[PDB]
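Take a look at the structure set out below.
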RNA sequence: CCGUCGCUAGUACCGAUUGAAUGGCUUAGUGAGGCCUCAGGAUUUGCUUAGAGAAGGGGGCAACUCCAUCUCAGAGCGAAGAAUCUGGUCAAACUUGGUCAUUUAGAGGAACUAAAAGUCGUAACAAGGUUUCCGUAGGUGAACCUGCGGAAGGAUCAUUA
RNA sequence: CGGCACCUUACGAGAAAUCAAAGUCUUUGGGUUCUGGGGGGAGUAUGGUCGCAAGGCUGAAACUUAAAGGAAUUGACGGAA
RNA sequence: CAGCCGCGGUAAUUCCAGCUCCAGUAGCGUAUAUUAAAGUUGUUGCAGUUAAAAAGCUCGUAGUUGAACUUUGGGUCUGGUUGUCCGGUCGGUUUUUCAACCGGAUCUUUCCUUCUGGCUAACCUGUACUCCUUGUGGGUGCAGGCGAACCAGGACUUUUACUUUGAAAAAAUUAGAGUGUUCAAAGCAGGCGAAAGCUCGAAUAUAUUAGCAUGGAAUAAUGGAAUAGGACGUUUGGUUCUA
RNA sequence: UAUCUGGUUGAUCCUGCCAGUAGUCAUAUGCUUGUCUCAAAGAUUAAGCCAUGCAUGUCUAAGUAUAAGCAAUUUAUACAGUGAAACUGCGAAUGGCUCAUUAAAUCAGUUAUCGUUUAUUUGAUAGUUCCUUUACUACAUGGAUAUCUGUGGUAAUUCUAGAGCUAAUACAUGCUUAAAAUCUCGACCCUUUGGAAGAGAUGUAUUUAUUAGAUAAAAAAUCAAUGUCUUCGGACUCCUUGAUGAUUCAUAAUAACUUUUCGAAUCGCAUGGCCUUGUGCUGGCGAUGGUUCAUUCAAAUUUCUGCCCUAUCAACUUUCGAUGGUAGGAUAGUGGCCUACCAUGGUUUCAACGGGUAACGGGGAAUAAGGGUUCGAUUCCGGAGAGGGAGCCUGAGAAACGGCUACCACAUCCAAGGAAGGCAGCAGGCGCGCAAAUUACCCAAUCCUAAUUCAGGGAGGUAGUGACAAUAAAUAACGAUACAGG
Ligand SMILES: [Mg+2]
Ligand SMILES: [Mg+2]
Ligand SMILES: [Mg+2]
Ligand SMILES: [Mg+2]
Ligand SMILES: [Mg+2]
Ligand SMILES: [Mg+2]
Ligand SMILES: [Mg+2]
Ligand SMILES: [Mg+2]
Ligand SMILES: [Mg+2]
Ligand SMILES: [Mg+2]
Ligand SMILES: [Mg+2]
Ligand SMILES: [Mg+2]
Ligand SMILES: [Mg+2]
Ligand SMILES: [Mg+2]
Ligand SMILES: [Mg+2]
Ligand SMILES: [Mg+2]
Ligand SMILES: [Mg+2]
Ligand SMILES: [Mg+2]
Ligand SMILES: [Mg+2]
Ligand SMILES: [Mg+2]
Ligand SMILES: [Mg+2]
Ligand SMILES: [Mg+2]
Ligand SMILES: [Mg+2]
Ligand SMILES: [Mg+2]
Ligand SMILES: [Mg+2]
Ligand SMILES: [Mg+2]
Ligand SMILES: [Mg+2]
Ligand SMILES: [Mg+2]
Ligand SMILES: [Mg+2]
Ligand SMILES: [Mg+2]
Ligand SMILES: [Mg+2]
Ligand SMILES: [Mg+2]
Ligand SMILES: [Mg+2]
Ligand SMILES: [Mg+2]
Ligand SMILES: [Mg+2]
Ligand SMILES: [Mg+2]
Ligand SMILES: [Mg+2]
Ligand SMILES: [Mg+2]
Ligand SMILES: [Mg+2]
Ligand SMILES: [Mg+2]
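Chains as they are written, first to last, in the deposited numbering: chain J, 2 to 183; chain I, 2 to 123, 136 to 201; chain E, 2 to 261.
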């Protein structure tokens, strides 16, 4: 007796397993945006799916009338903030077709690679994992972070650790020690 | 134990309502008092909310009231004369609410002798005037007079003595009284 | 079950506490007082979650013991004393005098009231009967019973109580076009004028009430409290002033007012 | 390709045992225990002026210039009050029966299903070599036969005058 | 005006034989009753009920099994022509 | 081995091992339930000539359903609400040239429930006629009196169903707004100063069963004057009143 | 985030099912298992059985304290500092657990109590206890009982028999403090216009009576009772009354009874004001009690409508209350709740009644185009139960089970005479099973209880076990040289 802590089995498997073309597409996507599993892709789809559903619901009521106007607008704003939606497209019916690729492209995964820094997607991911990259001055180590666009210019190498250039970092130290010994 | 559950009582239709829960205290009903007339006895019973509730037992006496005059007195009861629910309460002689009874009447007579002072059954100079001013107001309905003469006024007790403890009632007058008399006659 | 229940579980706790879903099993059961459990506010919830003058229950208790708190003149020491609508909580250290008044959303707003106004208490009229020795007495929906009220103080009127003495300063007659404050359900916390009174024999007297924005709404009579005459309320009401904006409007207000 | 009769497994079905078990109701008889109730009175005492010995037993021989005085034989009047107890009442349970449900042994019976190679037939399918069916009776070793009436899913949408 | 009855296209249908209804049904709703939900076990077991009976109405499961059916197509075949 | 289809009978891509390889991935398999798929339970939304399925036939109470007909049409103003016509403006705002759309009042042979009275707001007024550009621009002003501007009490409502908005349908859940738990699953937090104090929040929506409230009068029923014992009322008598 | 594929076939299109496929805060299990946050977890079988331990007690400036205790010293010649023990108080009826019953029952929303109880709560509030009125309980009434200390029994048990003292907000008794007004009684005079000296009774609860608690408008004639002012023709005038939709309501009087409730012989601080100079009469801040009326916490009922399968349940109810009545009894109160007497009703194909449920109800859960279907032991709200069934004490509130009394079923301890029991609290064990954790740490939080800032709390949290479920993601990255692709 406190209260049930809520959860969602958020990120959902497809209805057939082996639709070959689909599988291939998924693989391609993964290759493009360096994912560990299809799981991530599924999650992304679910995220987008929900949005699509919401849009549909909104449409099913009259645009001009209130809930549709407001909630939909809010959703659009959120999307824009995230950086999946463009600035040309803020008409709800544009959200309806966002696509998973776009979503993937907004990750701190790729927004490292897109801004240089890493060199080669996987490398960027690795860097993110290994306690480099601070979106603000607070070290993100989730690949699937989703960058805020408003804070995409602020993506730097970490204040601490190497590459940012505070400390050289372990192997380097060892080498130095060896040199000293010599 | 003795309960007042509508859980039991089959149903409006007839289906046997199963024993849903063991019966509660708030549903209870106690053993009957059925007060007789034979030495003054009272036992209280701690009810719901505490609250004592005097059970008359063998109750003698009680203030039976006039209507016409507007009075009552420290008056004894004689016997259970006619109870309209059940005649078993007349054999056993168990005084209860709306049972018809005979009233000692002496006290009443005494009171009258003060009140009007003309006597029923058959000094000082300014008090004479008072007396004159009073009286010839109520002529009384014959039966009552007879009862007075006897020493046994017909009343119906209307305090519930099993609840209240007191055995206070009502001198019978008019149509109701007549009816009661008739009933008595029928019985005897 | 088997007699009076003594606990209040934190989910079952009334929502206008604005308590955490988490952070302990229970919520404070507001004890027997002058206000109804769900339409009340205990002194824990006030001094911990709202004001944050106490970081925890113990602290609140300590404060109470110290006896700087006074809910309606008298002192109070009970953590879970139900201080309800209209009750004046004065903390003597700080001099932060409060009156418990509702927000437009519904929850109890912390109204930092002046010392001169926090002195009387406006209170409704629940009954008008006579007690023993033939003395007429009025009852308030906000706790008190006051002997000897001006004969033309009838049911569902409001009464300015001197509070220190516990008497009657003045009253407002309930009628058409007299400022009213709402204490029930979907319209709880709003403020309006009074237009109609649908009589209805037994089944709840309704009241059509318009606000400053010409937005009409309806409530039951028991859920309405007469606060003044239109323009001059007898109490200082919080920011918003019982208007209750639309959602869109609210959003606009939020995202127009960006003053860093 | 259809039945009878064989073999090997399993499912249920019926079924004597005066079967067995559990529970639910339930007749009659008993009836624990409390509650009230009719009494009953271990004990505890107050107030009565009820006579003391008491060394001022109320402020100096004396109804103490007698004090809730020394305090028990009083006895009267109470108040509280146990076991014990008369009738009720609620009624657990028990005893012996009766009954419904669900279980469960159960000799034997009579079935059905499975399995690849058993036996006597060739019933149906081709007008399947008596055209099939259906209903119904009666017979038979098994398909089955054969009355009667019906049907064509017939082996005919056909014979004009 | 009425019941016991052919031809074409079907745009209507229908799995197709065929159907002027077996049509106006995924462009799904005129009004109603009744019946069916893989095959077998089984119209059995049981209980009811109805009967003089024979039987009728009513009506299981266990268990079993990947087909049972329908319509037609080409064949093969027929003591059919 | 194989859910199923099936593979095995000396050439197994299906058994048993190596390599490769696939799928999912800190998870993946198996078992039973159950939901989807199943329009294979069908209200939406199935079938019944032959595939399972139309009672052999008619009668028939319940139930379920059930033809059409009673107020239609036109005018006259008057509120909005977005597109238009320029931004008249310091990317936002206020009218007109215009619009459709949704109301409201009315008048049309038309009552919307009717009165016993309170308040008659108003001028239908006209009592003195004029503060005053040559005026029907404008109001100090009270006997007859428009009552809808509200009550506060009768009188008696044909009654439903249907639908409207409302008030109530505990919180958690669900949907959902806000917000950097590092991200999220979450959580009700937080946010900003001189960083001496100040400060946003803790929304909104759902749930349609029944009851309450109000508007609507199409649809569907119900009801009423055909021994008119009917309706009204300047009836004129009366009778029973009640008070 | 509306999706279908393999299988009868020689091949074909259907009926049709099987099979696959996807999900499950849906269980189990098989492998495996590095980390972060989150975390269900003996419901399913046996509401089966339970060793051990713990889970309810608790005192403030303020109830009692000569512990022959502590501690001690610069209020006690009745007491005053702390305080074991015990009596008084209050609490133990909450919480926690579990889902056996239970199918118009529970439950959901919705009404109602003008149909009732309600410790607690905060608001309120009682000159009348007297009983003839020339000599009477107040600046303080009584005796007990426990701690203790002593005399013990027992094989044992949270077992308690006798003496000695000893208290109380124990528990019993019991004082003050009237004026007025109204109602019942009363020495006569003087022939009416009649009119009074003076005596008794009247709080609050209790009981039935009985009255008031009004209210649709103006104006009379006069018949019986016949009052005030007469400025002696006659006038008569200003004549009371809450709330509700609604009462025999609130409420106030008259009348009595009453084994006469209540009406502060109460504890901590502080120690003021007038002198009629007594130690006089007086007066502050608080505690607790105590009356009905409020309120609050609640409480029983109660209105309307709504439940899963079954006709291989069509009649049921009504001897033994069924339906209604009348009256009583009882109850806190409504009521066939129970009793007496009478009537013959009441429900039903709009499925009554019966049977089943591997049924506690709802919030909700899973699935997810729309409609649905299945599940809901389980964190919230209700309801039931504490092995079964019964009964009751105390109490505001229990038909309580960490209360009692019994019987059944189970079981312990014994010196055999007798005692004690009830984990569906927590932990743990057996048992059953496909199937479920530590006999851990603490009140810091959360809240709860009391005499109550102070104690307690297996409620609650904290870890432990934990691949129930959920979220986030390491299991190399960048080079160079060396061999191949573009
Ligand atoms: Mg580091
Ligand atoms: Mg009481
Ligand atoms: Mg009401
Ligand atoms: Mg007995
Ligand atoms: Mg032949
Ligand atoms: Mg043959
Ligand atoms: Mg043949
Ligand atoms: Mg033969
Ligand atoms: Mg079948
Ligand atoms: Mg090989
Ligand atoms: Mg299904
Ligand atoms: Mg079908
Ligand atoms: Mg057929
Ligand atoms: Mg047929
Ligand atoms: Mg037939
Ligand atoms: Mg019609
Ligand atoms: Mg959500
Ligand atoms: Mg579907
Ligand atoms: Mg076939
Ligand atoms: Mg084949
Ligand atoms: Mg399947
Ligand atoms: Mg269990
Ligand atoms: Mg509980
Ligand atoms: Mg009266
Ligand atoms: Mg009354
Ligand atoms: Mg009665
Ligand atoms: Mg269920
Ligand atoms: Mg059950
Ligand atoms: Mg449940
Ligand atoms: Mg169960
Ligand atoms: Mg519960
Ligand atoms: Mg047990
Ligand atoms: Mg019990
Ligand atoms: Mg226990
Ligand atoms: Mg308990
Ligand atoms: Mg346990
Ligand atoms: Mg497990
Ligand atoms: Mg616990
Ligand atoms: Mg572990
Ligand atoms: Mg890591």
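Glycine is no exception: its CB is placed at the ideal position from the N, C-alpha and C atoms.
Q) So the alpha helix (DSSP H) residue 71/J belongs to, where does it begin and stop? A) Segment 67-83, the alpha helix (DSSP H) holding residue 71/J.
Q.
I'd like to know whether the C-beta of residue 184/J is nearer than 9 Å to at least one C-beta of chain E.
A. Since the first and last residues shown for chain J are 2 and 183, residue 184/J lies out of range.
Q: On the DSSP bridge assignment, give the partners of residue 114/J in chain order.
A: None; residue 114/J has no bridge partner.
Q) Quick one: what's residue 103/I bridged to in DSSP? A) DSSP, once it has assigned bridges, lists 167/I as partnering residue 103/I.
Q. Between the Cα of residue 82/I and the Cα atoms of 160/I, 33/I, 13/I and 26/I, which residue gives the shortest distance?
A. The candidate whose alpha carbon is nearest that of residue 82/I is 160/I.
Q. In three-state terms, what does DSSP make of residue 55/E?
A. Note: residue 55/E maps to coil in three-state DSSP.
Q | At least 3 beta-carbon pairs within less than 8 Å: the stretch 153-162 of chain E vs the stretch 118-137 of chain E | A | Taking 8 Å as the limit for Cβ pairs, the verdict is that the stretch 118-137 of chain E does touch the stretch 153-162 of chain E.
Q: Check each candidate in 113/J, 177/J and 161/J and name the one with the smallest Cα separation from residue 154/J.
A: Out of 113/J, 177/J and 161/J, 113/J has the C-alpha closest to the C-alpha of residue 154/J.
Q | Proximity to residue 10/J [Cα-Cα], best of 43/J, 4/J and 34/J | A | When the alpha-carbon of residue 10/J is set against those of 43/J, 4/J and 34/J, the nearest one is in 43/J.
Q: Starting from the beta carbon of residue 22/E, find every residue of chain J whose beta carbon is closer than 7 Å, and list them in chain order.
A: Those are 4, listed as they occur along chain J.
Q. Listed in chain order, which residues of the stretch 137-152 of chain J have Cβ atoms closer than 8 Å to some Cβ of chain E?
A. The residues in question: there are none.
Q.
How far does the alpha helix (DSSP H) with residue 124/E in it extend, from its first residue to its last?
A. Unbroken run through residue 124/E is the beta strand (DSSP E), 122-125; no alpha helix (DSSP H).
Q) Given that residue 252/E touches chain J, what residues does it touch there, using C-beta distances under 8 Å? A) Within 8 Å Cβ-Cβ: 71 and 75.
Q: Give every residue of the same chain whose Cβ lies closer than 8 Å to the Cβ of residue 152/J, excluding the five residues on either side of it in the sequence, and list them in chain order.
A: Only 136 and 137 meet the Cβ criterion.
Q: Could you tell me whether any non-hydrogen atom of ligand 1 is closer than 8 Å to the CB of residue 132/J?
A: Taken from the Cβ of residue 132/J, at least one heavy atom of ligand 1 lies inside 8 Å.
Q) Anyone know if the C-beta pair for residue 46/I and residue 59/I falls short of 9 Å? A) Pairing residue 46/I with residue 59/I gives a Cβ-Cβ distance that is not under 9 Å.
(Q) What would DSSP say about residue 61/E, mapped onto helix, strand or coil? (A) The answer is helix: DSSP assigns residue 61/E an H, G or I state.
Q) Sorted by chain position, which residues of the same chain lie with C-beta nearer than 7 Å to residue 82/E's C-beta, five sequence neighbours on each side aside? A) Excluding sequence neighbours, residue 82/E sits near 32, 34, 43, 44 and 72.
Q. So, helix, strand or coil for residue 182/E, using DSSP?
A. In this structure, residue 182/E counts as strand in the three-state DSSP scheme.
Q: Could you tell me if residue 117/J is buried or exposed, where buried requires 16 or more neighbouring beta carbons within 10 angstroms of its beta carbon?
A: Classification for residue 117/J: exposed.
Q: Could you spell out where the beta strand (DSSP E) holding residue 79/I opens and where it closes?
A: Counting along the chain, the beta strand (DSSP E) containing residue 79/I begins and ends at 78-83.
Q. Do the stretch 187-203 of chain E and the stretch 145-157 of chain E meet, that is, are 3 or more Cβ pairs less than 8 Å apart?
A. Contact between the stretch 187-203 of chain E and the stretch 145-157 of chain E is absent: fewer than three C-beta pairs spanning the two stretches fall below 8 Å.
Q: Mark residue 27/J as exposed unless 16 or more other C-beta atoms lie within 10 angstroms of its C-beta, in which case mark it buried.
A: That one is buried.
Q) What whole-angstrom Cβ distance do residue 150/J and residue 34/J have, given they're in contact under 8 Å? A) Contact doesn't hold; Cβ gap of about 17 Å is too wide.
Q.
Using only the alpha-carbon positions, how far apart do residue 78/J and residue 2/E sit?
A. Between the C-alpha atoms of residue 78/J and residue 2/E there is a straight-line separation of about 52 Å.
Q. I think residue 65/E touches residue 78/E, with their Cβ atoms under 8 Å apart; what is that distance to the nearest whole Å?
A. The pair is a contact, with the Cβ atoms about 5 Å apart (cut-off 8 Å).
Q.
Relative to the C-alpha of residue 69/J, which candidate in 93/J, 89/J and 53/J has its C-alpha closest?
A. The residue among 93/J, 89/J and 53/J with its C-alpha nearest the C-alpha of residue 69/J is 93/J.
Q. At what residues does the alpha helix (DSSP H) containing residue 29/J begin and finish?
A. Under the DSSP assignment, residue 29/J falls in the alpha helix (DSSP H) whose first and last residues are 21-33.
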